[PDB]
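What follows is a short report on a single structure.
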Amino acid sequence: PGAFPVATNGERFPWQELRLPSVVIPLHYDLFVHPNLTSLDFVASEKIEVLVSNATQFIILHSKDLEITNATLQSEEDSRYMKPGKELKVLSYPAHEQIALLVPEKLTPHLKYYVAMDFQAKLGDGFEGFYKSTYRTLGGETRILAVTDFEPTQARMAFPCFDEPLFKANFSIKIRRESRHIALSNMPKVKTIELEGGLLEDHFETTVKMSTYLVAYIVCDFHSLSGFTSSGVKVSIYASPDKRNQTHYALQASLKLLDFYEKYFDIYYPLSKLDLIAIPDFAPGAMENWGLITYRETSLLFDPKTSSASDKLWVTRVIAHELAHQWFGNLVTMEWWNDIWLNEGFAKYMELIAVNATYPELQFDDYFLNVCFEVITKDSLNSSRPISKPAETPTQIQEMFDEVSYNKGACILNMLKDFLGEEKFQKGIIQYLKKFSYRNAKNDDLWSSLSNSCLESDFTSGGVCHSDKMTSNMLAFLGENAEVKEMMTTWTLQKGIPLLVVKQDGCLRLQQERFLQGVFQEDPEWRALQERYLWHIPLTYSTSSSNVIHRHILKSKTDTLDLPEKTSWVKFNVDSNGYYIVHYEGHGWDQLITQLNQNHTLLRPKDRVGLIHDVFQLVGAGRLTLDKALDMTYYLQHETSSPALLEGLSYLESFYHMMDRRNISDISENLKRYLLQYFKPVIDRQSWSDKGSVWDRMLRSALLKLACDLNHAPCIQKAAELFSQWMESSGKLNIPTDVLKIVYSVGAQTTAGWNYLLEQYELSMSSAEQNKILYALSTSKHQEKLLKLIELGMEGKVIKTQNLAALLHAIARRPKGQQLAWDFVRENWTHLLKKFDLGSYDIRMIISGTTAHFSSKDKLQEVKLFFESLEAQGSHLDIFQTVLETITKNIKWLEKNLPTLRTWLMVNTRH
Ligand SMILES: *[C@@H]1O[C@H](CO)[C@@H](O[C@@H]2O[C@H](CO)[C@@H](O[C@@H]3O[C@H](CO)[C@@H](O)[C@H](O[C@H]4O[C@H](CO)[C@@H](O)[C@H](O)[C@@H]4O)[C@@H]3O)[C@H](O)[C@H]2NC(C)=O)[C@H](O)[C@H]1NC(C)=O
Ligand SMILES: *[C@@H]1O[C@H](CO)[C@@H](O[C@@H]2O[C@H](CO)[C@@H](O[C@@H]3O[C@H](CO[C@H]4O[C@H](CO)[C@@H](O)[C@H](O)[C@@H]4O)[C@@H](O)[C@H](O)[C@@H]3O)[C@H](O)[C@H]2NC(C)=O)[C@H](O)[C@H]1NC(C)=O
Ligand SMILES: NC(=O)[C@H](Cc1ccccc1)NC(=O)[C@H](Cc1cc(-c2ccccc2O)no1)CP(=O)(O)[C@@H](N)CCc1ccccc1
Ligand SMILES: *[C@@H]1O[C@H](CO)[C@@H](O[C@@H]2O[C@H](CO)[C@@H](O[C@@H]3O[C@H](CO)[C@@H](O)[C@H](O)[C@@H]3O)[C@H](O)[C@H]2NC(C)=O)[C@H](O)[C@H]1NC(C)=O
Ligand SMILES: *[C@@H]1O[C@H](CO)[C@@H](O[C@@H]2O[C@H](CO)[C@@H](O)[C@H](O)[C@H]2NC(C)=O)[C@H](O)[C@H]1NC(C)=O
Ligand SMILES: *[C@@H]1O[C@H](CO)[C@@H](O)[C@H](O)[C@H]1NC(C)=O
Ligand SMILES: *[C@@H]1O[C@H](CO)[C@@H](O)[C@H](O)[C@H]1NC(C)=O
Ligand SMILES: *[C@@H]1O[C@H](CO)[C@@H](O)[C@H](O)[C@H]1NC(C)=O
Ligand SMILES: *[C@@H]1O[C@H](CO)[C@@H](O)[C@H](O)[C@H]1NC(C)=O
Ligand SMILES: [Zn+2]
């Protein structure tokens with residue numbers, strides 16, 4: 001009783017382990033919450049119907065920053081705790097966010113009890129728990145609401161509970177309100193009862209089985225727009241009253257999307273209603289609470305005068321994502337946070353297939369490869385992780401919501417689908433979701449259901465699946481099933497991403513390596529980090545002679561294939577559907593670049609964006625010289641697939657901003673010239689309108705921002721005119737949404753426009769328009785102004801605090817601000833902790849937002865120092881090492897190819 005931890009009051013806490021005990025299993029929660037929005041208080045009470053599997057003396061729960069007032073225990077099966085039951089003694093042990101209740105006599109197996117507590121707290125001033133949010137009306141009034149955000153482990157800041165995702169229970173929620181407000185929660189309201197003083201009591205329908213983190217309840221002012229799905233779900237979009245205009249497309253798109261998901265999964269959405277509500281103060285982008293999905297206004301609200309088409313594509317993708325959570329994450333929750341990718345990676349993947357299903361016009365298929373490329377940069381560093389990986393503390397759990405669980409999870413799924421086909425892939429996910437509905441799954445569970453997918457409706461006679469035959473196919477289906485489950489599991493447990501090397505003989509030797517950046521092949525530690533890595537990569541390839549795609553699994557470090565027609569070139573990873581990079585040896589890279597400059601149309605357009613990415617990443621690998629990747633961008637002047645064109649330019653624009661930050665004004669002036677002159681035709685075709693289709697529109701904003709970011713004399717002139725008209729018309733005129741952001745940042749370049757822009761930020765009713773405005777403000781060249789912006793965001797009264805993170809990142813992007821942001825962060829690191837969690841995305845982004853672009857040996861030392869200073873104070877985050885590898889990789893890239901870039905650009909001048 002000594003090595004045991006000590007509760008406050010000084011006692012021995014019965015448990016001392018980070019997890020909870022699987023002996024008292026919660027079945028049903030009766031939750032009564034009564035918040036006061038004038039006091040900014042809440043009073044609440046709860047009765048948990050629990051089951052005991054094993055005899056115990058002590059009950060262990062989660063509670064945090066909650067004052068428990070009263071603790072009792074009753075039963076209708078165990079006589080001893082007969083009505084009105086017995087009082088419990090409460091021991092709190094905050095270090096593990098656990099609360100221990102002791103009973104006067106041990107309890108009985110297979111007998112259900114009722115645990116009751118009365119507790120109270122203040123509404124949070126953060127972005128978690130049961131917190132306080134605030135919005136501005138059109139009149140200029142300020143109103144309050146109370147809102148919940150619990151994922152992953154802040155449910156316990158609102159009510160005591162078994163805050164782990166496997167402890168699934170039903171929830172019955174009563175909420176007390178003034179007549180001024182309404183109350184929402186996960187399920188439909190069945191009753192509202194008049195109370196003595198004048199207050200009302202909302203009783204909500206008791207929920208289905210679900211994890212704690214999804215519970216939701218809201219008290220507020222809002223207005224709604226309703227519609228019904230083909231399955232008869234009442235969908236409603238909620239926002240502050242003056243913003244109900246902007247709420248119309250969210251309703252149209254969510255109806256179409258809930259329809260798509262029900263038919264695709266062959267599973268009806270189980271609740272009667274579904275609510276989407278735009279929360280003014282919202283840290284995450286959105287959250288998927290079952291039947292009560294919360295968003296930032298930017299995620300959900302669309303206004304047609306001030307939102308761009310790209311804005312529309314973003315709003316429609318979050319709705320897509322959140323709605324995919326109702327099955328992946330709510331209908332089937334992962335067993336533990338270690339397999340969080342089971343929720344997020346699958347949800348992210350269904351954004352693709354559903355947005356492509358219901359809004360092809362938005363041309364989202366063409367931008368999905370960007371999801372893969374974004375994680376590939378981090379999976380090329382040794383600081384990455386395998387998809388599934390242990391996590392125990394609340395900060396580690398938060399860390400798990402990254403590019404790995406989300407993007408990598410989705411790219412390995414999309415790779416696996418190409419392998420099996422939509423028909424086999426769909427039927428596999430329907431079997432998964434039906435089988436695990438209302439309970440949890442672990443990583444291994446999924447691969448079994450996807451591996452044993454049945455291609456069609458189970459052909460009873462004589463089938464390959466169920467009800468009955470024994471054939472040679474049957475030994476191959478059973479045999480290919482365990483081929484796929486073996487394959488996927490190594491992608492799941494191996495950090496990193498493979499590099500397929502292809503040497504074309506007379507008739508193809510294949511080698512497999514762990515792709516790595518920074519580190520070169522000759523380097524001392526390159527052979528040390530290639531240890532033990534091997535993937536079952538499902539390859540693809542097509543050749544110069546025929547469009548036929550050949551598919552060849554590879555399960556060894558070396559292999560070789562025989563080419564029949566011995567054609568001009570071979571291209572592996574067709575449409576880049578596979579999570580790997582191909583490097584060609586000896587006039588095979590040269591062969592493909594030859595094609596791109598003659599008929600680039602003899603390679604399908606995903607192959608072209610695939611090569612463009614692979615080419616530059618191999619320059620990062622050192623396996624290629626920069627002259628070759630720049631030699632490929634030559635063809636881009638004939639390029640017609642807008643995705644390949646913008647992928648290409650993006651790299652070139654990358655370089656310019658890199659040079660500009662380091663003051664290298666020879667190269668970032670020829671870079672300026674090479675873009676403006678070589679791509680002058682495509683730039684000058686663009687409107688200053690909203691006139692085209694979605695890739696026309698999306699391509700117009702892209703190029704015009706490019707030209708105005710390079711101070712192209714004409715485009716800066718047209719933008720400043722448009723800004724003046726808008727300012728001199730007191731907003732009576734309108735600016736096309738595609739150039740809205742460009743115009744604002746042009747205007748921001750004088751104090752007059754900047755000050756007007758800030759003053760008209762406070763009065764806008766479109767949070768898209770604000771988001772664009774704040775960017776424009778962040779492009780000021782006066783450090784006097786940037787500092788104001790950052791201080792306004794620290795304050796949080798004008799520029800809301802859910803923007804201080806992305807603001808800092810914006811300021812840091814541009815040269816005049818990359819320091820001031822760095823200085824600020826190190827000078828107020830402790831203040832920034834009192835506003836955000838150490839594992840929050842707001843901190844991970846504040847950190848790399850201001851450091852990860854550094855590319856000099858001298859800056860790295862500062863950062864390593866600052867990070868050490870932090871780890872010294874007990875703060876550790878994986879993001880630390882990731883930045884350092886990134887900063888390091890930047891230094892090596894400059895050291896190895898800066899002369900080549902400089903020389904390549906001068907050479908182009910001559911022709
Ligand atoms: C959160 O707390 C706020 C206060 O911080 C609270 O608002 C207050 O509610 C009380 C209770 O309803 C109000 O006090 C009453 O006001 C009415 C007039 O509106 C008076 O008539 C009351 O006195 C009589 O009431 C009875 C009849 O109903 C009589 O039988 C009795 O004998 C009295 O003669 C009493 O003064 C108070 O006005 C508000 N505060 C305001 C409006 O500023 C709010 O209700 C709480 N919210 C929740 C959800 O709990
Ligand atoms: C906790 O959540 C659980 C879900 O995870 C709930 O379990 C569900 O409970 C319901 C009710 O017992 C079961 O519903 C079944 O539905 C059929 C069809 O109902 C028929 O009768 C009605 C009445 O007129 C009619 O309207 C219908 O159309 C049908 O004609 C019933 O016949 C069954 O007996 C059964 O009631 C679900 O199957 C069940 N699902 C699961 C996964 O367990 C549980 O109820 C929740 N607990 C609490 C206390 O609410
Ligand atoms: N801007 C972002 O990418 C933020 C970054 C972030 C912030 C906080 C946590 C995790 C990630 N993503 C979200 O807020 C997420 C994921 C996501 C991606 C997209 C997206 C939509 C359209 C187009 C591109 C997109 O990427 N929309 O949402 C909503 P979730 O459904 O998984 C929910 N259960 C998250 C729960 C959570 C809350 C607090 C801590 C930890 C986890
Ligand atoms: C780069 O290669 C492509 C091949 O994919 C070239 O386009 C193709 O050119 C041939 C030759 O004209 C077309 O063949 C067909 O000939 C008959 C004979 O009259 C005619 O009736 C057909 O309609 C067609 O012209 C082939 O179809 C054509 N493909 C397409 C999609 O038009 C391309 O022209 C080459 N590069 C350049 C710069 O031309
Ligand atoms: C995106 O949507 C399109 C919808 O047409 C898909 O393309 C079709 O896919 C079906 C299979 O469901 C094929 O039989 C058709 O021939 C395709 N038509 C066209 C015009 O391409 C496309 O596959 C979808 N992409 C994803 C990833 O789901
Ligand atoms: C507790 O559960 C375990 C599970 O292994 C079981 O063996 C045991 O009999 C149960 N009861 C007690 C008192 O441990
Ligand atoms: C326990 O709850 C009852 C009911 O509200 C209350 O009267 C009592 O004060 C509470 N706690 C005690 C007496 O310790
Ligand atoms: C809200 O909707 C109606 C729809 O016709 C429109 O006439 C009204 O002006 C709108 N108000 C705002 C502020 O957009
Ligand atoms: C790479 O990561 C491994 C695994 O965490 C670690 O053992 C090693 O120190 C790291 N090395 C480098 C050079 O990053
Ligand atoms: Zn998600």
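Note on naming: chains are A, B, ... as they come in the structure tokens, residues start from 1 per chain, ligands start from 1 in the order shown.
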task: Name each residue within 10 Å of ligand 4, counting only C-alpha atoms and all ligand atoms, as a ChimeraX atom specification.
output: /A:595,597-603,638
Surrounding residues as JSON, numbers by chain, ligand 9, max 10 Å, only C-alpha atoms and all ligand atoms: {"A": [381, 382, 383, 384, 385, 495, 518, 519, 525, 526, 528, 529, 881, 882, 884, 885]}
Compile a residue-level contact table for chain A against ligand 8 at a cut-off of 8 Å, reporting for every qualifying residue the shortest atom pair and its distance in Å to one decimal, with only C-alpha atoms and all ligand atoms counted, rows ordered by chain and ascending number, as a tab-separated table.
```
residue	atom	partner	partner_atom_place_in_ligand_line	distance
A:242	CA	ligand 8	13 (C)	6.6
A:243	CA	ligand 8	13 (C)	7.3
A:244	CA	ligand 8	1 (C)	7.0
A:245	CA	ligand 8	1 (C)	4.6
A:246	CA	ligand 8	14 (O)	7.5
```
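Counting from atom CA of residue A:365, the distance to atom CA of residue A:543 is 24.2 Å.
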query: In terms of the shortest atom-to-atom distance over only C-alpha atoms and all ligand atoms, which of A:14, A:163, A:330, A:110 is closest to ligand 2?
result: A:330
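Checking A:645, A:24, A:43, A:182 one by one against residue A:111, counting only C-alpha atoms, you find the shortest gap at A:24.
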- prompt: What lies within 10 Å of residue A:754 using only C-alpha atoms, ignoring chain neighbours under 3 positions off, as number ranges by chain?
  reply: A: 744-751, 757-760, 773, 776-780, 785
Would you mind exporting the chosen residues as a CSV table (one decimal), in the first residue's frame, restricted to C-alpha atoms?
```csv
chain,number,residue,atom,x,y,z
A,744,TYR,CA,-7.6,41.4,-51.0
A,745,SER,CA,-3.9,40.7,-50.6
A,746,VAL,CA,-3.1,43.2,-53.4
A,747,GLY,CA,-5.1,45.8,-51.5
A,748,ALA,CA,-3.5,44.9,-48.2
A,749,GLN,CA,-0.2,46.2,-49.5
A,750,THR,CA,-1.1,49.7,-48.5
A,751,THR,CA,-2.2,50.9,-45.1
A,757,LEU,CA,-9.6,45.2,-44.8
A,758,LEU,CA,-9.2,44.8,-41.0
A,759,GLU,CA,-12.1,47.0,-40.3
A,760,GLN,CA,-14.3,45.2,-42.8
A,773,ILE,CA,-9.4,38.5,-45.7
A,776,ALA,CA,-4.6,39.1,-47.3
A,777,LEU,CA,-3.9,40.9,-44.0
A,778,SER,CA,-1.1,38.3,-43.4
A,779,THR,CA,0.7,39.4,-46.6
A,780,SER,CA,1.7,42.8,-45.2
A,785,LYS,CA,1.0,45.1,-38.9
```
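With only C-alpha atoms taken into account, the protein and nucleic acid residues at most 9 Å from residue A:226 (excluding it and anything under 3 positions from it in its own chain) are residues 234, 235, 236, 237 and 251 of chain A.
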message: I'd like the neighbourhood of residue A:809 as a PyMOL selection string, where a residue qualifies if any of its atoms comes within 6 Å (using only C-alpha atoms), though same-chain residues fewer than 3 positions away should be ignored.
response: chain A and resi 806+812+849
task: Could you tell me, counting only C-alpha atoms and all ligand atoms, which protein and nucleic acid residues lie no more than 7 Å from ligand 3, written as a ChimeraX atom specification?
output: /A:151-152,283-288,314-315,317-318,321-322,325,344,348,398,401-402,840-841
Using only C-alpha atoms, please write the residues we just selected to a file, as an mmCIF file, in the first residue's frame.
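Resulting contents of again-v9.cif:
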```cif
data_model
loop_
_atom_site.group_PDB
_atom_site.id
_atom_site.type_symbol
_atom_site.label_atom_id
_atom_site.label_comp_id
_atom_site.auth_asym_id
_atom_site.auth_seq_id
_atom_site.Cartn_x
_atom_site.Cartn_y
_atom_site.Cartn_z
ATOM 1 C CA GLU A 151 -12.912 12.999 -29.039
ATOM 2 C CA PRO A 152 -10.689 11.483 -28.073
ATOM 3 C CA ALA A 283 -10.900 23.680 -32.897
ATOM 4 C CA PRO A 284 -11.150 20.595 -35.141
ATOM 5 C CA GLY A 285 -12.503 21.068 -38.642
ATOM 6 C CA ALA A 286 -15.617 18.992 -37.826
ATOM 7 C CA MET A 287 -16.725 16.224 -35.469
ATOM 8 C CA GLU A 288 -18.908 13.224 -36.280
ATOM 9 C CA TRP A 314 -13.860 21.824 -49.416
ATOM 10 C CA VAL A 315 -17.301 22.175 -47.805
ATOM 11 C CA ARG A 317 -15.583 17.032 -48.681
ATOM 12 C CA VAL A 318 -15.957 17.552 -44.940
ATOM 13 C CA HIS A 321 -16.069 12.766 -44.420
ATOM 14 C CA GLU A 322 -18.275 13.377 -41.421
ATOM 15 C CA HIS A 325 -18.008 8.465 -39.964
ATOM 16 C CA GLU A 344 -10.016 8.104 -40.010
ATOM 17 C CA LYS A 348 -10.928 9.851 -45.562
ATOM 18 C CA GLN A 398 -3.884 13.022 -29.946
ATOM 19 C CA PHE A 401 -4.473 11.929 -35.757
ATOM 20 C CA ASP A 402 -1.960 12.633 -38.455
ATOM 21 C CA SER A 840 -3.448 19.575 -30.263
ATOM 22 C CA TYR A 841 -3.299 20.073 -33.998
#
```
- request: Mind listing the alpha helix (DSSP H) residues of stretch 256-485 of chain A, per DSSP on the backbone, as a ChimeraX atom specification?
  value: /A:256-265,297-300,309-325,341-358,369-379,394-399,403,409-420,422-435,443-451,472-485
- request: List the neighbours of stretch 267-276 of chain A out to 8 Å using only C-alpha atoms; skip same-chain residues closer than 2 positions along the sequence, and give me the result as a list in words.
  value: residues 187, 188, 231, 232, 233, 234, 235, 236, 237, 238, 262, 263, 264, 265, 278, 290, 291, 292, 293, 294, 295, 326, 327, 430 and 434 of chain A
- request: For residue A:704, please output as number ranges by chain all residues within 10 Å (counting only C-alpha atoms; exclusion window: fewer than 5 positions along the same chain).
  value: A: 683-684, 686-688, 699, 709-710, 712, 715-716, 719, 738-739, 742
Selection file, N, CA, C and O atoms, as a short mmCIF file (atom, residue, chain, number, x, y, z; two decimals), in the first residue's frame:
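Everything below was put into again.cif:
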```cif
data_model
loop_
_atom_site.label_atom_id
_atom_site.label_comp_id
_atom_site.auth_asym_id
_atom_site.auth_seq_id
_atom_site.Cartn_x
_atom_site.Cartn_y
_atom_site.Cartn_z
N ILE A 683 -1.10 31.87 -68.83
CA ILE A 683 -1.52 32.92 -67.91
C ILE A 683 -2.44 33.92 -68.61
O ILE A 683 -3.46 34.35 -68.06
N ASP A 684 -2.08 34.32 -69.82
CA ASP A 684 -2.83 35.40 -70.44
C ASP A 684 -4.20 34.97 -70.95
O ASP A 684 -5.00 35.84 -71.31
N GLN A 686 -6.43 33.60 -69.08
CA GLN A 686 -7.31 33.56 -67.93
C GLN A 686 -8.18 34.81 -67.84
O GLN A 686 -7.74 35.92 -68.14
N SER A 687 -9.41 34.60 -67.40
CA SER A 687 -10.38 35.63 -67.10
C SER A 687 -10.10 36.21 -65.73
O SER A 687 -9.25 35.71 -64.99
N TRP A 688 -10.81 37.28 -65.40
CA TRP A 688 -10.86 37.76 -64.02
C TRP A 688 -12.31 37.69 -63.60
O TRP A 688 -12.89 38.68 -63.13
N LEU A 699 -8.14 26.28 -61.91
CA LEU A 699 -6.89 26.63 -62.59
C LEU A 699 -6.72 28.15 -62.72
O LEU A 699 -5.59 28.64 -62.73
N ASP A 709 1.88 36.71 -57.27
CA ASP A 709 2.90 36.44 -56.27
C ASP A 709 4.31 36.68 -56.80
O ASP A 709 5.24 36.80 -56.00
N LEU A 710 4.49 36.76 -58.13
CA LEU A 710 5.77 37.07 -58.76
C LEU A 710 5.84 38.52 -59.22
O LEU A 710 6.64 38.86 -60.09
N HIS A 712 4.33 40.16 -61.29
CA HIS A 712 4.03 40.41 -62.70
C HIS A 712 3.28 41.71 -62.81
O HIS A 712 2.17 41.83 -62.31
N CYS A 715 -0.69 41.86 -63.82
CA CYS A 715 -1.69 41.26 -62.98
C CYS A 715 -1.85 42.03 -61.66
O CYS A 715 -2.98 42.23 -61.22
N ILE A 716 -0.75 42.52 -61.09
CA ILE A 716 -0.84 43.37 -59.91
C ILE A 716 -1.67 44.60 -60.21
O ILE A 716 -2.40 45.09 -59.36
N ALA A 719 -5.51 43.66 -60.34
CA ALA A 719 -6.01 43.37 -59.00
C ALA A 719 -6.19 44.64 -58.17
O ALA A 719 -7.20 44.79 -57.47
N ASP A 738 -13.16 33.75 -57.39
CA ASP A 738 -11.88 33.14 -57.72
C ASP A 738 -10.71 34.10 -57.48
O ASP A 738 -9.65 33.69 -57.01
N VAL A 739 -10.90 35.39 -57.73
CA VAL A 739 -9.81 36.34 -57.52
C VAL A 739 -10.01 37.15 -56.24
O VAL A 739 -9.20 38.04 -55.94
N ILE A 742 -6.87 37.00 -54.13
CA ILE A 742 -5.80 37.73 -54.80
C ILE A 742 -6.00 39.22 -54.65
O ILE A 742 -5.08 39.96 -54.29
#
```
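If you measure from each of A:373, A:761, A:222, A:359 to residue A:241 using only C-alpha atoms, the closest one turns out to be A:222.
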field: Contacts with ligand 7 at most 9 Å, only C-alpha atoms and all ligand atoms counted, listed as a count of residues only
entry: 7
message: Hey, which residues sit close to ligand 6? Say within 8 Å, counting only C-alpha atoms and all ligand atoms, and write them as a PyMOL selection string.
response: chain A and resi 23+53-55
- prompt: Within 6 Å of ligand 2, counting only C-alpha atoms and all ligand atoms, which protein or nucleic acid residues do you find, written as a PyMOL selection string?
  reply: chain A and resi 170+206+208-209+438
